[PDB]
Amino acid sequence: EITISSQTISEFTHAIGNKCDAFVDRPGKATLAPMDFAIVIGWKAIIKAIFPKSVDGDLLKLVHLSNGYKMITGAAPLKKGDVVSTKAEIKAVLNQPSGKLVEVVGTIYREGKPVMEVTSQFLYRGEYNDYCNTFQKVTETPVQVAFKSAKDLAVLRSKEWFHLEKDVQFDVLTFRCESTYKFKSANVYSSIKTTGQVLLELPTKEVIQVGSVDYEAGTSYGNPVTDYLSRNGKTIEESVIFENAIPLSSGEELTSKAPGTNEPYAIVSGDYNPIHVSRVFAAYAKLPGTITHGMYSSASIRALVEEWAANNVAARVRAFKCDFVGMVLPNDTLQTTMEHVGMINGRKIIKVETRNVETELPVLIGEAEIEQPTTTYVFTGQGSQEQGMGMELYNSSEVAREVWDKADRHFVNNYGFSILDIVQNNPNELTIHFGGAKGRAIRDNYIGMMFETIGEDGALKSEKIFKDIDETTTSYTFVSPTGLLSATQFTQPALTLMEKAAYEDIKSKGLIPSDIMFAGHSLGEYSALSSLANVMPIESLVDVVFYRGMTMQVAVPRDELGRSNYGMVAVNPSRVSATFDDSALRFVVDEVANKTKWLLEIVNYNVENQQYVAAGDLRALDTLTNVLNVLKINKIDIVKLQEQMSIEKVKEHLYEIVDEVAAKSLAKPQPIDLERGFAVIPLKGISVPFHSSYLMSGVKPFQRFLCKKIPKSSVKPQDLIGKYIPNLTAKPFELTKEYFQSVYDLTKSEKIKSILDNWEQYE
Amino acid sequence: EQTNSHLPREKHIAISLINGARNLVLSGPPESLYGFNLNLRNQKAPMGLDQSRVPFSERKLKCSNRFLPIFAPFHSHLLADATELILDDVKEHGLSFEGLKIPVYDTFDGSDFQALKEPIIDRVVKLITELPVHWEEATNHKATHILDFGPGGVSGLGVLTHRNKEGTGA
Amino acid sequence: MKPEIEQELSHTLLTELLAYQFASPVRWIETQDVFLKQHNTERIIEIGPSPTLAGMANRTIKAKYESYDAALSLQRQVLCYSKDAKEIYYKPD
């Protein structure tokens, strides 16, 4: 157990020249420790693994070849209060033609939990025939085998190393496997033990193990388990490499310089190898002098990539590995290059080469994984549909093509249309035909889709609205004069398919951070938690977003023309007056709904003082567009009437204003076409005031539909908590008792107020 | 007050050197002084804006600001912990200043060092590290010729104290 | 909380949030005041057909967080999938 003191950090960073301000002690910030201080913590655990008798070598010809760091995903960096211990295990002692390789992986613990792994790699140079005392432990690459024919299930049940322990049908299997080899000659094996777990991805995103691998053999020439997976499946590749690697910084900027003597770094890190410090030990092994520590060139180049690639943010670099390809004498000048090549799990693969500038020979070849900047994803709602959404992203991306193709054949087999031809070749009307045997299996989907809306009178009008599809109907026609892709129940499945096509294409390229905060506006909400929280499949997402489109559309009564007395209006409060506040217009909406006993609510709280959207019946919308016109010419600010008039008498002040425009609102033909105002842009194409209390009655069938389309086991909470910003409660998703009350005070829910009462059974 | 409102008090910015009426030097952390001149670039104007055809009171403010080659936050609260450490080293060695002969004006107060209750060195270390500089208060002259022995020459103290005393006969 | 409990508390809350999102006003202002201020996000990436949220982000930065981004030295990069596609895929021109 070593305790990371404040003095041990500052002596270490001075020895390696790490300038970065996160490591020096400043008030108002917890003093952070270097990630190269891992080897100071874990030296006496790593080099104890080359002392056993079974690894018997000339220790004075040892060459430190490569070392690597890896932060565990979800672990915090080291602090100055941390009590830190280390357990190390040895992985591979294998006799090569160039010597006896020793790889030691030392996992550093802290308060029980592991923090980071140190993958060090040594070499006893020479020729060694000790094949009796050599071994190798490798964790194999996860191979995803995709079963498509019917003979494929027959093959692996003949493989005696496979043993499935369940009667579960399976489409695709990922084998996450580990091996333990023992050698008998240079490339024959004395024994192989290969165990591993096989895995199945369910459609509800739950991972359940199907069976196990148990292979064991003696005197072999290869591993059968891996060679089977080498040809009959693809590897789960996470290191996705770019087509053309981009250089991060160019010029001479990059140089670094060796120390004058190796004695400061030796006493700090405990690296007391006399090759680095002594004239006589370095001359004994015929190496060119008192050469630099490898661990200095680890910490020096890592401090270069921490400031020149991570913009001097110390938390971003999460993995760093290098090969000590050459040796460097002291005071040599090192010019490094730094190149951005690939991605993995949202963090940036960066590859570096350190070259001695007066010789131009390579010394280090390395690689680093740094985080991206703090990224958040917003998803576009409805309003921005156009013909041709992402068809270049459909024609050119594999992973985006399989989410359109999987979804339209869920529409054409269950609802009778193709969503690709709705997006590509936008029609003005679509006839759904209820044809033969599978066509009568499609119209009873439409019969079962029944919404219930109780009226304001309290009488439950359990009535049939679909007279238009019944047991004798053979065709139904969807009509929209603007275009079907602009019609409500077809515009929103076109978006969430397009936005998941762009997401899963972005996700397949390794672009998704783990510390992301994602969101969506109105319709985007679903496009978010299906993307990042994967709570519903591709087929169950498109049902909900289509059911929501028909839930909102026929929730508003239409006339014989199919038009309505309702609508929505986008409001810019900046255009009426520069002193027209947020509390100015939302006071206007507050009183005019209370006076006329209508419904008028601002439903989109988009931008402070620039973009609001008001919704309600059109008489209140012709009211609001005329009030904000007449308050532009009269220059009446309400907040300046707060010091001029009392609190109550502003309620009697509005009768001189709003009653004149409310009378002329009813003097127009009642289903009005709204004109453009000064501070008012009416949303052309909309007819339902959603996100308002009018649609509060229509939730209860839609709330029953989510309880069978969002299954209980698909909710992974770790992608929801603190990363999901809802639109009901616009502070981030958290399952605390104060959060449920903020939901319940805003909607008066029934299901959460049950669990808000008996809250105490949580722990 | 615009910049320090978004920052803690360990990254708070204060006035350090007052070199004139329109010559000031700010001090603080280098990142929060970089937070200062990003704000100023929003409200400043380039030098070639040509405001000669807009009237005077509706013009925009123009300035030149850049970091000095100085590698410590002198004359601020950032080094107030160092002041107790320095005069401890003054006590450990034979550092003391004897009887003064010409009046030497204080930089912060503007008083003479001959009339001190305190010693001079533990006053001046509070005066370089912590307390700010009121320079035109400190050179409130009765003087005809002024000699800068200091660094810079044509860029030194003498040129910036020239412009404060252009018509006072110095 | 036990892992069987903390799903069921999150399962009901995720459904009651989405179902009542249909009928309650979307509060995108203090939504924007989370991922601009409480999280300090540099990359704001819109995925959609047209930048109606990238332009909705830029108007909130200049109105509420211009003196905030200067003081804490954040360089926020606004991005959309409509126009700024070469910046997201790290294939720069």
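Protein chains in written order, with PDB author numbering: chain B, 1275 to 2037; chain B', 341 to 510; chain A, 1 to 93. A prime marks a further copy of an entry chain. Note that beta-carbon positions come from the ideal geometry of N, C-alpha and C, so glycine has one too.
Endpoints, alpha helix (DSSP H) assigned at residue i
i: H1965(B); result: First-last for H1965(B): undefined, no H or E at that position.
i: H11(A); result: 5 to 21
i: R381(B'); result: 370 to 383
i: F1979(B); result: 1973 to 1983
i: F1286(B); result: 1280 to 1290
i: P1548(B); result: 1548 to 1551
i: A1573(B); result: 1568 to 1582
Cβ-Cβ distance between residue i and residue j below 8 Å
i: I1721(B); j: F1708(B); result: no
i: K1774(B); j: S1805(B); result: yes
i: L1608(B); j: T1535(B); result: no
i: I1790(B); j: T1649(B); result: yes
i: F1409(B); j: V1446(B); result: no
i: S1513(B); j: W1582(B); result: no
i: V1314(B); j: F1286(B); result: yes
i: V1887(B); j: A1844(B); result: yes
i: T1469(B); j: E1414(B); result: no
i: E16(A); j: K2025(B); result: yes
i: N480(B'); j: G450(B'); result: yes
i: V1904(B); j: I1946(B); result: no
Environment of residue i [buried if 16+ CB atoms lie within 10 Å]
i: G1655(B); result: buried
i: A1532(B); result: buried
i: residue 2042(B); result: Residue 2042(B) lies beyond the range of chain B shown here (1275 to 2037); nothing can be said about it.
i: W2033(B); result: exposed
i: residue 333(B'); result: Nothing can be reported for residue 333(B'), as the shown portion of chain B' is limited to 341 through 510.
i: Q1763(B); result: buried
i: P443(B'); result: exposed
i: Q75(A); result: exposed
i: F411(B'); result: exposed
i: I1515(B); result: exposed
i: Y1840(B); result: buried
i: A1807(B); result: buried
i: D429(B'); result: exposed
i: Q454(B'); result: exposed
Neighbourhood of residue i by C-beta, 7 Å cutoff - its chain only, sequence neighbours within 5 removed
i: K1335(B); result: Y1398, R1399, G1400, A1559
i: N405(B'); result: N377, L380
i: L1759(B); result: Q1659, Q1661, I1696, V1697, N1700, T1765, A1768
i: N344(B'); result: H352, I353
i: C1406(B); result: none
Chain C within 8 Å of residue i, Cβ atoms only
i: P348(B'); result: Although the question refers to chain C, the structure presented lacks it and instead comprises the protein chains B, B' and A.
Cutoff 6 Å; reference residue i; Cβ partners in own chain excluding five residues on either side
i: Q383(B'); result: none
i: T1628(B); result: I1575, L1608, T1610, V1637, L1638
i: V1389(B); result: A1349, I1382
i: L347(B'); result: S372
i: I1912(B); result: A1858, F1861
Residue i in three-state terms, based on DSSP
i: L401(B'); result: coil
i: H1684(B); result: helix
i: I1790(B); result: coil
i: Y1821(B); result: helix
i: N1903(B); result: helix
i: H474(B'); result: strand
i: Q1885(B); result: strand
i: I410(B'); result: coil
i: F1409(B); result: strand
i: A1491(B); result: strand
Extent of the continuous beta strand (DSSP E) run through residue i
i: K1374(B); result: 1373 to 1384
i: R463(B'); result: Looking at the DSSP string, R463(B') is not in any beta strand (DSSP E); the run it does join, the alpha helix (DSSP H), is 461 to 468.
i: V1446(B); result: 1446 to 1457
i: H1437(B); result: 1436 to 1438
i: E1480(B); result: Where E1480(B) is concerned, there is no enclosing beta strand (DSSP E), given that its DSSP letter is neither H nor E.
i: residue 1251(B); result: A query on residue 1251(B) cannot be resolved here, the shown segment of chain B reaching from 1275 to 2037 and no further.
i: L1994(B); result: It is not in any beta strand (DSSP E) - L1994(B) carries neither H nor E in the DSSP assignment.
Residue i CB to nearest heavy atom of the ligand GDP below 7 Å
i: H1550(B); result: In terms of ligand content, the structure shown is empty, and the ligand GDP therefore cannot be addressed.
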